[PDB]
Amino acid sequence: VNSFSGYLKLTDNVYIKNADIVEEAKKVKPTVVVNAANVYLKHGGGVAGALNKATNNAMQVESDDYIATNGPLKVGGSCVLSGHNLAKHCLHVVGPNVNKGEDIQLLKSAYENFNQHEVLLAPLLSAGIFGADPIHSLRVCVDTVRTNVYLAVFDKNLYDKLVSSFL
Ligand SMILES: O=c1ccc2ccc(O)cc2o1
C-alpha cells in the first residue's frame with residue numbers, strides 16, 4: 001500500500017490522475033518525483049519551471065552546481081538530485097524535445113530511467129512544451145516502465161482524452 005490517492009489504474013503498474021504535479025508532490029512527499037528536464041538542467045518553464053519555483057529556486061542552484069561539475073546530461077538520460085521540499089529525490093529525466101528536432105525514439109530510453117526506482121510520481125515525458133504527442137508518450141510509458149508510476153496530467157481536457165483513448 002502507498003499514499004497516492006484518486007488515481008485511475010491503467011495497467012498492473014501505471015496509474016494516472018488529473019493533477020498539478022507540484023501540488024501532488026507537496027501532498028504525498030513521494031520518494032521520487034520526476035522532472036521534465038533539459039540537458040542543461042535549466043528549469044525555465046513547463047513542469048521544470050513549476051517544480052523549481054516551488055523549491056524557491058533551490059532546485060536550480062543545486063542543478064547549476066551539478067552541471068558545473070559533470071557537464072550536460074544526454075537526451076534520454078537522467079540524474080538523481082535532491083527533491084527539496086517536494087520529495088526525497090528528484091529524478092531529472094531528459095525526454096526528446098520535438099521543438100528542437102530530437103529523435104522521438106529517444107523517448108523509450110528516457111522512460112527506461114524510471115525502472116531504476118520502485119515507485120515514482122511523474123509527468124508524461126516529452127509532453128507539453130517538449131512538443132510530443134502525449135497519447136504516444138503514455139503508450140511508450142506503459143510499454144517501457146515496469147516499476148510503479150503515478151502520472152500527473154496537468155490539463156483536465158488532456159487527461160480525459162488520454163483515458164478515453166487508452167488501449
Ligand atoms: O505554474 C505552473 C504550475 C504547475 C505546472 C505543471 C505542469 C506544467 O506543464 C506547467 C506548470 O506551470
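Position 1 is the first residue of the sequence, and the numbers go up from there. Ligands are counted one by one from 1 in listed order, and the atoms in each one are counted from 1 as well.
For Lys88 and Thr31, the side-chain atoms include no donor-acceptor pair closer than 3.5 Å. At a cut-off of 3.5 Å, with distance as the only test, a side-chain donor of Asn2 or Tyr150 sits close to an acceptor on the other residue. With hydrogens and angles left out, the side-chain atoms of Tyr7 and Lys17 include no donor and acceptor closer than 3.5 Å.
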Subject >> Criterion side-chain hydrogen bond (donor to acceptor under 3.5 Å, both in side chains) on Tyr40 and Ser63, from CA distance to verdict >> reply: CA-CA 8 Å; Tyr40 306 110; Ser63 291; over 6 Å; no
Original post:
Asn38 and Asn97: side-chain hydrogen bond (donor to acceptor under 3.5 Å, both in side chains), yes or no, with the steps?
Top reply: CA-CA 8 Å; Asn38 60 51; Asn97 188 326; over 6 Å; no
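A distance-only check finds a donor-acceptor pair linking the side chain of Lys9 to the backbone of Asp12 [under 3.5 Å].
Within 4.0 Å of ligand 1, the residues that place a heavy atom are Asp20, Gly46, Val47, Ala50, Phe154, listed by chain and number.
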